[PDB]
Amino acid sequence: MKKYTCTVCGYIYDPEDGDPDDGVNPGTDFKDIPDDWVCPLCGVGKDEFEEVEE
Ligand SMILES: [Fe+3]
């Protein structure tokens, strides 16, 4: 389960962690995060995120 980064501000989504405050529980892979979700720091959509190929 891979991490994703917001390319506009650097936030990193960690599927272990999730984004619970926004309704994205731990263990939610990026692709299953509802498509209306936006970066918690900067507010941008998911289409500015990239998978962290480390
Ligand atoms: Fe961001």
# chains A, B, ... in the order shown; residues from 1 in each chain; ligands from 1

call {"tool": "residues_near_ligand", "arguments": {"ligand": "ligand 1", "cutoff": "9 Å", "atoms": "only C-alpha atoms and all ligand atoms", "output": "MDAnalysis selection string"}}
result
chainID A and resid 5:12 38:45 48:49

call {"tool": "write_last_selection", "arguments": {"atoms": "C-alpha atoms", "output": "JSON list (two decimals), in the first residue's frame"}}
result
[["chain", "number", "residue", "atom", "x", "y", "z"],
["A", 5, "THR", "CA", 2.36, 13.22, -2.32],
["A", 6, "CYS", "CA", 0.52, 16.32, -3.05],
["A", 7, "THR", "CA", 2.75, 18.00, -5.84],
["A", 8, "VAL", "CA", 1.45, 21.36, -5.11],
["A", 9, "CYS", "CA", 2.36, 21.58, -1.29],
["A", 10, "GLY", "CA", 4.40, 18.36, -0.37],
["A", 11, "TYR", "CA", 1.75, 16.76, 1.96],
["A", 12, "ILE", "CA", 2.10, 13.18, 2.03],
["A", 38, "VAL", "CA", -8.85, 17.30, -1.34],
["A", 39, "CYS", "CA", -5.29, 17.73, 0.18],
["A", 40, "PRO", "CA", -5.82, 18.49, 3.95],
["A", 41, "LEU", "CA", -2.98, 21.24, 3.82],
["A", 42, "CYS", "CA", -3.55, 23.00, 0.57],
["A", 43, "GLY", "CA", -6.99, 22.10, -0.79],
["A", 44, "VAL", "CA", -6.09, 20.82, -4.12],
["A", 45, "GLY", "CA", -7.85, 17.58, -5.74],
["A", 48, "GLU", "CA", -2.26, 16.73, -8.31],
["A", 49, "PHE", "CA", -1.09, 13.77, -6.22]]

call {"tool": "residues_around", "arguments": {"residues": "residue A:54", "least_positions_apart": "3", "cutoff": "10 Å", "atoms": "only C-alpha atoms", "output": "PyMOL selection string"}}
result
chain A and resi 2-3+51

call {"tool": "residues_around", "arguments": {"residues": "residue A:26", "least_positions_apart": "6", "cutoff": "9 Å", "atoms": "only C-alpha atoms", "output": "number ranges by chain"}}
result
A: 14-20

call {"tool": "write_last_selection", "arguments": {"atoms": "C-alpha atoms", "output": "short mmCIF file (atom, residue, chain, number, x, y, z; two decimals), in the first residue's frame"}}
result
data_model
loop_
_atom_site.label_atom_id
_atom_site.label_comp_id
_atom_site.auth_asym_id
_atom_site.auth_seq_id
_atom_site.Cartn_x
_atom_site.Cartn_y
_atom_site.Cartn_z
CA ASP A 14 0.20 7.57 4.23
CA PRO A 15 -2.41 4.84 3.78
CA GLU A 16 -1.58 3.71 7.42
CA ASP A 17 -2.51 6.49 8.67
CA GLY A 18 -5.35 7.57 6.51
CA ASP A 19 -6.96 11.12 6.86
CA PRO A 20 -9.59 10.26 9.50
#

call {"tool": "select_by_dssp", "arguments": {"residues": "chain A", "states": "strand (DSSP E or B)", "output": "VMD selection string"}}
result
chain A and resid 4 to 6 12 to 13 19 24 38 45 49 to 51

call {"tool": "atom_distance", "arguments": {"atom1": "atom CA of residue A:28", "atom2": "atom CA of residue A:13"}}
result
10.2 Å

call {"tool": "atom_distance", "arguments": {"atom1": "atom CA of residue A:47", "atom2": "atom CA of residue A:22"}}
result
17.6 Å

call {"tool": "select_by_dssp", "arguments": {"residues": "chain A", "states": "helix (DSSP H, G or I)", "output": "list in words"}}
result
residues 20, 21, 22, 30, 31, 32, 46, 47 and 48 of chain A

call {"tool": "write_last_selection", "arguments": {"atoms": "N, CA, C and O atoms", "output": "PDB file, in the first residue's frame"}}
result
ATOM      1  N   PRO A  20      -8.354  10.546   8.841  1.00  0.00           N
ATOM      2  CA  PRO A  20      -9.592  10.258   9.498  1.00  0.00           C
ATOM      3  C   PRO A  20     -10.613  11.306   9.730  1.00  0.00           C
ATOM      4  O   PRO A  20     -11.783  11.294   9.717  1.00  0.00           O
ATOM      5  N   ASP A  21     -10.008  12.583  10.111  1.00  0.00           N
ATOM      6  CA  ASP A  21     -10.836  13.814  10.064  1.00  0.00           C
ATOM      7  C   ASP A  21     -11.701  14.340   9.082  1.00  0.00           C
ATOM      8  O   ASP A  21     -12.677  14.943   9.097  1.00  0.00           O
ATOM      9  N   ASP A  22     -11.224  13.775   7.824  1.00  0.00           N
ATOM     10  CA  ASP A  22     -11.979  13.751   6.606  1.00  0.00           C
ATOM     11  C   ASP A  22     -12.584  12.598   6.112  1.00  0.00           C
ATOM     12  O   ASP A  22     -12.971  12.636   4.937  1.00  0.00           O
ATOM     13  N   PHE A  30      -4.914   4.912  -1.732  1.00  0.00           N
ATOM     14  CA  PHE A  30      -5.319   6.191  -2.511  1.00  0.00           C
ATOM     15  C   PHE A  30      -6.453   6.094  -3.469  1.00  0.00           C
ATOM     16  O   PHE A  30      -7.222   6.985  -3.584  1.00  0.00           O
ATOM     17  N   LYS A  31      -6.309   5.119  -4.318  1.00  0.00           N
ATOM     18  CA  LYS A  31      -7.373   4.982  -5.361  1.00  0.00           C
ATOM     19  C   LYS A  31      -8.787   4.787  -4.790  1.00  0.00           C
ATOM     20  O   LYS A  31      -9.683   5.386  -5.507  1.00  0.00           O
ATOM     21  N   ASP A  32      -8.942   4.282  -3.524  1.00  0.00           N
ATOM     22  CA  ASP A  32     -10.216   4.207  -2.945  1.00  0.00           C
ATOM     23  C   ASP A  32     -10.625   5.307  -2.144  1.00  0.00           C
ATOM     24  O   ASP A  32     -11.764   5.434  -1.680  1.00  0.00           O
ATOM     25  N   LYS A  46      -7.307  15.300  -5.893  1.00  0.00           N
ATOM     26  CA  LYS A  46      -6.428  14.202  -6.059  1.00  0.00           C
ATOM     27  C   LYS A  46      -5.537  14.015  -7.328  1.00  0.00           C
ATOM     28  O   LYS A  46      -4.505  13.416  -7.407  1.00  0.00           O
ATOM     29  N   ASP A  47      -6.060  14.774  -8.462  1.00  0.00           N
ATOM     30  CA  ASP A  47      -5.313  14.781  -9.682  1.00  0.00           C
ATOM     31  C   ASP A  47      -4.013  15.428  -9.682  1.00  0.00           C
ATOM     32  O   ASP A  47      -3.140  15.337 -10.547  1.00  0.00           O
ATOM     33  N   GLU A  48      -3.622  16.213  -8.520  1.00  0.00           N
ATOM     34  CA  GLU A  48      -2.262  16.727  -8.313  1.00  0.00           C
ATOM     35  C   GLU A  48      -1.508  15.878  -7.463  1.00  0.00           C
ATOM     36  O   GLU A  48      -0.361  16.360  -7.102  1.00  0.00           O
TER      37      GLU A  48
END
